[PDB]
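Reading through the structure tokens given below for one structure.
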Amino acid sequence: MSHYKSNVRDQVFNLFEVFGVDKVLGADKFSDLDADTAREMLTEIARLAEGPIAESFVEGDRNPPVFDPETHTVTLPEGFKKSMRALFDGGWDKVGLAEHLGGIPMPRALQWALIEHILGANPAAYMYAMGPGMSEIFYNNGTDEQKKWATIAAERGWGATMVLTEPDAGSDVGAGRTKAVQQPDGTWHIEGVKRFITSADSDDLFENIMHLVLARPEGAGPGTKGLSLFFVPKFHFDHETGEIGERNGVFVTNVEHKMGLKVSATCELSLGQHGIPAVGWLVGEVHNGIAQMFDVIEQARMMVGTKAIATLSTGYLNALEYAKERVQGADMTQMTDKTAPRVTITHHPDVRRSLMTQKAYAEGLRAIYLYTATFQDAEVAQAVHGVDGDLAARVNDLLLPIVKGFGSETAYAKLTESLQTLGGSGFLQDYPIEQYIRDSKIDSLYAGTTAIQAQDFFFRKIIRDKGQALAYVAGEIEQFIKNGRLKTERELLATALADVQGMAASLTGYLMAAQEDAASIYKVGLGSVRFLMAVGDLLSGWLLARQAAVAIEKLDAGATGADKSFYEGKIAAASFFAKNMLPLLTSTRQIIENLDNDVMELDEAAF
Amino acid sequence: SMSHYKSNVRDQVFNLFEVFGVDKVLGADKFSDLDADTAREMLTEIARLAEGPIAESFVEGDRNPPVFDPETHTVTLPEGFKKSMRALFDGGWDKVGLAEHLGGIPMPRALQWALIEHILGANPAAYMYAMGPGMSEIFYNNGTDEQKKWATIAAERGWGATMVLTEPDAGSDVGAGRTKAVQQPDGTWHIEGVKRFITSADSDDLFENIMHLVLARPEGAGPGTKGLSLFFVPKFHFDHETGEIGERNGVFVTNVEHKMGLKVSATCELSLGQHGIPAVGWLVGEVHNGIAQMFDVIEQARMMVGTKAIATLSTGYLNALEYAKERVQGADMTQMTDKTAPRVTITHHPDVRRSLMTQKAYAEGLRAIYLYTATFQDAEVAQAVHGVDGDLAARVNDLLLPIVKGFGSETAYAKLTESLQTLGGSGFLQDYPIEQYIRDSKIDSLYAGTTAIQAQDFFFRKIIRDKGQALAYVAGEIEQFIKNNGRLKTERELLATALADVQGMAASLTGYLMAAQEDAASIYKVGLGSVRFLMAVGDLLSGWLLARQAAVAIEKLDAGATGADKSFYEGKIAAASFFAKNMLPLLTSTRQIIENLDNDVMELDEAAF
Ligand SMILES: Cc1cc2nc3c(=O)[nH]c(=O)nc-3n(C[C@H](O)[C@H](O)[C@H](O)COP(=O)(O)OP(=O)(O)OC[C@H]3O[C@@H](n4cnc5c(N)ncnc54)[C@H](O)[C@@H]3O)c2cc1C
Ligand SMILES: Cc1cc2nc3c(=O)[nH]c(=O)nc-3n(C[C@H](O)[C@H](O)[C@H](O)COP(=O)(O)OP(=O)(O)OC[C@H]3O[C@@H](n4cnc5c(N)ncnc54)[C@H](O)[C@@H]3O)c2cc1C
């Protein structure tokens with residue numbers, strides 16, 4: 001088959017047997033969607049991913065997009081455009097779209113499980129297909145007049161972009177200098193140059209593109225608070241009929257040459273620099289840009305984390321399939337006998353160590369993003385967790401930098417084990433794992449770098465939150481710990497929870513002490529990424545142990561065959577993760593408890 | 001970037017002279033005619049050549065990779081890369097460390113590998129193509145008197161060379177190879193088989209000949225590696241007296257792989273005796289001793305790969321640092337709430353300083369490891385700088401090679417992630433060299449033996465079979481440093497814990513091996529923990545060597561260092577302190593994890609994965 005190896009079985013296990021999402025299916029908003037239909041949808045998009053979506057994976061990398069300076073457009077390889085048409089023809093770009101825009105109501109947890117397959121098979125294909133979802137965001141934030149445009153945009157399937165970054169404004173969005181000048185008719189003329197813009201042109205995939213552009217109105221204050229958000233279409237159009245009109249003054253000037261994700265055109269985008277104005281419409285006709293734009297950034301960060309996790313998953317399953325068939329060496333119990341029978345490499349302890357590491361992290365990460373998604377619907381959060389709308393929103397906000405920051409970093413790191421499993425053949429383009437590594441390196445950078453994820457997590461999702469979302473999650477872990485075959489895992493989880501609590505307390509002390517000793521805040525910066533990663537490891541270990549508790553129940557109840565194999569794997573992975581990953585958090589806590597400012601005081605010239 | 005390569009001669013000289021005292025042998029005995037000043041000038045000269053003509057084709061080789069003609073069985077290399085190769089040849093750099101009688105300049109191994117570091121940082125495939133004369137010397141050492149004559153010709157004419165072991169079914173398990181050798185009445189052999197992944201098996205018109213050193217199994221010989229012999233298989237027949245090139249020998253490249261990185265090194269399927277023309281080979285030394293002879297080559301390849309990974313991390317770090325110094329983004333963390341505060345360069349951010357010091361300490365600790373290892377590769381150097389006799393020196397070098405290779409490869413690739421991250425989104429661009437550093441260095445944990453093979457060699461051969469003598473010598477040196485100003489008190493305390501952790505790891509794994517006398521399956525626990533053990537020893541050596549560098553830096557600062565010297569020495573202190581406090585303590589948890597390994601993951605049904 002294709003490079004892409006999917007895991008619907010593990011998705012269904014999470015959605016139904018672990019988190020109970022099927023309990024909201026058929027009820028209230030999800031009245032028209034039953035469990036059987038949900039599973040059928042997952043199987044169908046999994047097949048679409050393994051078939052026509054994956055088919056262009058290699059071609060998009062080997063035959064990458066080309067920028068045409070004669071027209072200021074990008075050309076895409078024909079095989080990739082065929083994959084995109086398969087996505088559209090199936091309606092899959094309406095996944096999770098509101099009913100009034102033509103979508104099928106469904107839990108976010110199911111929505112992201114569906115999207116995981118596209119992200120594993122050809123993740124740029126989902127990015128080009130985020131248009132309808134961006135039009136929903138524009139709808140929710142728009143005026144009544146603007147809601148009619150957004151509806152046209154979704155119905156016609158226009159592409160979309162989020163346009164923030166400039167050459168001098170990446171992590172520091174507030175330093176952007178793209179300008180907005182209001183016109184007599186109430187429109188605005190956008191003037192500036194933006195950098196690194198995903199899908200800024202898309203060949204003839206769509207008839208229009210909606211750029212959602214951050215820009216500073218003349219006279220506005222500084223920083224992100226002075227930014228406003230503007231609807232800037234590639235083509236003008238009839239606000240009533242949608243008929244496509246004259247070109248708007250927003251042009252791609254370049255396409256970047258990247259380590260991976262090559263088929264995703266990443267472009268410099270100039271507004272108002274080529275002889276015609278870039279007409280923009282103030283979104284919601286209010287000046288509230290960074291808040292409006294963060295509706296998009298939140299979705300982007302969930303996507304990027306899910307992408308990295310989807311990619312580790314198919315990397316692991318490729319490595320596993322390879323190991324099952326590769327004969328090399330004799331069994332270690334016979335290593336001195338040079339005529340002992342040769343064995344497949346799954347018989348080697350280091351290879352089984354590497355495979356169980358890939359398995360536990362991939363499945364642990366899938367549980368984390370699905371768990372996160374169960375807090376993105378008020379109804380789901382109430383039904384499956386018993387938490388009200390407000391707490392659910394805070395818990396989701398707490399978890400998103402884990403999905404994004406911990407997911408992106410872990411996936412790239414563990415793909416190294418996936419490649420190692422193939423031996424020298426892992427280094428060949430004949431196998432997909434080296435492209436998996438190249439495509440996923442970007443996941444720790446776009447949508448906010450890991451450092452920005454860890455700062456958000458601590459300063460905004462914990463401290464500003466007064467620790468309420470965090471205390472809720474810690475209480476669910478402690479409950480699991482308080483509760484035989486899982487006694488050892490629960491004891492190791494208790495140590496890990498205490499370690500994370502100790503880290504949180506040390507860093508809170510460093511931050512609070514900054515009122516009287518300004519440089520003490522640096523120790524928060526020094527520890528923040530390690531803290532984010534430790535929380536991810538704790539969550540992984542907890543969710544895997546929860547999976548193993550369900551697996552124990554199902555084995556006791558008499559599971560057989562392929563079911564039984566699956567459940568035995570969950571017990572093995574939870575135990576391996578508890579005994580080989582969680583203990584490192586104790587030394588990390590002690591490291592964080594002894595952080596100092598020596599490295600901050602060192603002369604830059606000493607580096 | 002074109003001038004991507006950023007060198008660190010100053011750190012090399014610091015190690016060679018101020019830390020290890022390699023200059024004590026310069027101008028005495030085997031090195032009587034090379035003085036410390038000439039050594040420094042050689043380092044500066046190859047570093048400049050590497051930063052200019054050698055690095056100039058680094059990007060070209062990746063973007064315009066070699067092309068294979070399957071009818072002629074040859075590859076075409078990009079012109080800019082061949083021009084790089086000629087600058088290397090014109091400077092005599094393919095003859096660094098070559099024996100005097102082969103045209104080399106005698107020098108200690110530590111200096112030789114310091115010189116090569118620059119080629120490996122600037123364009124590592126160029127050094128790989130240039131390893132022919134080094135192989136000539138190994139052939140000379142193992143050959144008959146007549147063969148020594150050929151090796152002398154090959155070295156003087158600068159012939160290329162390959163090491164030909166791997167087959168589709170024989171990679172890690174070299175002894176499974178099926179390539180055969182068929183003896184001829186006149187005493188030559190005809191080699192028959194297909195080999196795979198052969199580096200430099202063709203190289204366009206760089207050389208007038210290529211010496212393929214080929215492992216093959218004589219007809220009727222036993223199985224495993226012990227049945228293999230090593231054969232000299234030239235690309236062209238030649239006149240054995242004069243070296244004049246003759247008729248094409250029957251050994252032909254039949255494929256060239258498409259790889260993630262290191263693209264300009266042609267990695268080839270090599271067909272012997274398959275095109276109706278015999279592949280004539282000459283038994284090396286006219287004895288049957290192939291795996292032992294070939295490990296002379298493997299030892300050098302493993303050293304080169306480790307040094308390659310370390311060279312690449314260090315130019316990766318230096319690129320990241322120069323970017324960070326100039327990139328303005330955000331406010332100082334002490335002013336994060338004030339949205340009007342001045343913007344600062346990103347070296348002001350704690351996480352970037354963490355990133356950079358992690359890159360620095362590992363790059364410099366790794367440099368110290370391979371230079372330390374090389375001080376045991378000459379008996380005269382090992383005697384002068386360490387006081388150890390030739391036998392212990394060999395065992396210590398043998399212990400440290402899988403660390404250089406295994407820990408070097410794995411560490412450099414992982415810390416280049418920090419390098420790339422320092423550039424932000426720009427780091428993902430081919431406009432900057434880090435992404436190619438990552439791709440080019442992924443191979444280093446794989447060729448010349450995978451990390452798992454390195455860790456298995458380390459434990460079973462270099463510790464257990466060695467009866468722990470080399471490990472005990474090194475541990476005793478670390479203990480002696482810990483025992484000896486109190487300004488490094490915290491570091492020595494952290495090193496004492498790390499040393500105890502590593503000794504605990506060794507004891508548990510040894511215990512698992514002892515238990516295997518009673519329950520064979522207990523040996524799996526050694527397998528499960530072996531790579532983590534190898535990486536723990538590398539971290540311990542990193543931390544110890546950095547701390548010794550800090551003790552030297554404190555002396556030099558106390559004596560009154562100023563300016564750039566002062567800053568260099570301050571950075572050593574900071575790096576040793578940072579590494580001890582942020583890297584070493586994790587070894588405690590790793591020791592506890594190794595003490596609790598079990599066979600659950602071994603007993604699990606394969607179907608459950
Ligand atoms: C493939 C790709 C696609 C992209 N697509 C889009 C898109 O569609 N739309 C869009 O708007 N943008 C897009 N971007 C921009 C992207 O989000 C930025 O690259 C990212 O936010 C980082 O900004 P930067 O590149 O300027 O790096 P910098 O902000 O310059 O960061 C450099 C380094 O400094 C560190 N750093 C910076 N500030 C701080 C701080 N305050 N504290 C601690 N550390 C700090 C960072 O962690 C990093 O290590 C894309 C980028 C890429 C690579
Ligand atoms: C770029 C490149 C250049 C090369 N150049 C050369 C060259 O010039 N000359 C040459 O002779 N070879 C060369 N090789 C071959 C290279 O050395 C082998 O790829 C390497 O030894 C691994 O062998 P393999 O690829 O068959 O992997 P395998 O041996 O199939 O290994 C697959 C996996 O199983 C593991 N494994 C295998 N056996 C064991 C065991 N006993 N215990 C535990 N784990 C085990 C490995 O660690 C790995 O994770 C080259 C390879 C590459 C990629």
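One-based numbering, in listed order, for ligands and for the atoms of each. Sequence lines set the chain letters: A, B, ... in the order given, protein chains first and strands last, and positions in each chain run from 1.
- Interface of B:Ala452 with ligand 2, defined as ligand atoms under 4.0 Å from a residue heavy atom, comprises 47 (O).
- If you check which protein heavy atom lies closest to atom 27 (O) of ligand 1, you get B:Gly424 CA, 3.6 Å.
- The N/O atoms of B:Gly330, backbone and side chain alike, include none that comes under 3.5 Å of an N/O atom in ligand 1.
- Closest protein heavy atom to atom 36 (N) of ligand 1: B:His349 CD2, 4.0 Å.
- Residue A:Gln420 approaches ligand 2 through these ligand atoms, each under 4.0 Å from one of its heavy atoms: 48 (C), 49 (O).
- Considering backbone and side-chain N/O atoms, B:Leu165 comes within less than 3.5 Å of an N/O atom of ligand 2.
- Contact between B:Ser172 and ligand 2 is present, with at least one heavy atom of the residue lying under 4.0 Å from the ligand.
- Residue contact check: A:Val351 has heavy atoms under 4.0 Å from atoms 34 (O), 35 (C) of ligand 2.
- Among B:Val214, A:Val343, A:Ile345, the residue whose heavy atom sits closest to atom 34 (O) of ligand 2 is A:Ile345.
- For the residue pair B:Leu423 and B:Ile434, the shortest heavy atom distance occurs at CD2-CG1, 4.2 Å.
- The protein atom (non-hydrogen) at minimum distance from atom 13 (C) of ligand 2 is B:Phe197 O, 3.1 Å.
- When only interatomic distances are considered, the shortest N/O to N/O separation between B:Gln456 and ligand 2 does not fall below 3.5 Å.
- Checking only distances, A:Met162 does come within under 3.5 Å of ligand 1, N or O to N or O.
- If you look at B:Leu446 next to ligand 2, the close heavy atoms, those under 4.0 Å, all belong to the backbone.
- Under the 4.0 Å criterion applied to side-chain N and carboxylate O atoms, B:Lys325 and B:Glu322 are assigned as salt-bridge partners.
- The existence of a salt bridge linking B:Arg439 and B:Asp62 is confirmed by a sub-4.0 Å separation between a basic side-chain nitrogen and an acidic carboxylate oxygen.
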Test log, rule side-chain contact (heavy atoms from CB on, under 4.5 Å), inputs B:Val526 and B:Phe460:
CA-CA 10 Å; B:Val526 184; B:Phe460 286 107; 3.8 Å; yes
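- Taking 4.0 Å as the cut-off, B:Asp351 does not count as a neighbour of ligand 1 on heavy-atom distance.
- Between B:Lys259 and A:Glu434 there is no salt bridge, since none of the side-chain N atoms of the basic residue sits less than 4.0 Å from a carboxylate O of the acidic one.
- Listed by number with element, the atoms of ligand 2 under 4.0 Å from a non-hydrogen atom of B:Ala448 are 17 (O).
- Ligand-side atoms of ligand 1 in range of A:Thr266: 2 (C), 3 (C), range being under 4.0 angstrom from any heavy atom.
- In terms of heavy-atom proximity, B:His258 sits nearest to A:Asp430 at O-OD1, 4.0 Å.
- For ligand 1, one of its N or O atoms has an N or O atom of B:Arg327 under 3.5 Å away.
- Scanning both residues, B:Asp444 and B:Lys405, for their nearest heavy atoms gives O-NZ, 2.7 Å.
- In this model, no donor atom of one side chain and acceptor atom of the other lie less than 3.5 Å apart for A:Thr416 and A:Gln420.
- Within the set B:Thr422, A:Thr449, A:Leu269, B:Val328, the minimum heavy-atom distance to atom 46 (C) of ligand 1 is found for A:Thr449.
- Ion pairing between a basic and an acidic side chain is recognised when a charged N comes within 4.0 Å of a carboxylate O; A:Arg195 and A:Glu166 show no such pairing.
- Ranking protein heavy atoms by distance to atom 25 (O) of ligand 2, first place goes to A:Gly424 N, 2.8 Å.
- Relative ring orientation between A:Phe531 and A:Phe458 is described as perpendicular, the plane-to-plane angle rising above 60° on a 0-90° scale split at 30° and 60°.
- Contact annotation for B:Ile443 and ligand 2: only side-chain heavy atoms (C-beta onward) come within less than 4.0 Å of the ligand.
- Some N or O of B:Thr166 is nearer than 3.5 Å to an N or O of ligand 2, by distance alone.
- The shortest non-hydrogen separation linking B:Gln329 to A:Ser171 is OE1-N, 3.2 Å.
- For B:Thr199, a nitrogen or oxygen atom sits less than 3.5 Å from a nitrogen or oxygen atom of ligand 2, counting backbone and side chain alike.
- Between the side chains of A:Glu417 and A:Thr357, not a single donor N or O lies within less than 3.5 Å of an accepting N or O.
- Heavy-atom minimum distance, A:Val74 versus A:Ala265: CG1-CB, 4.1 Å.
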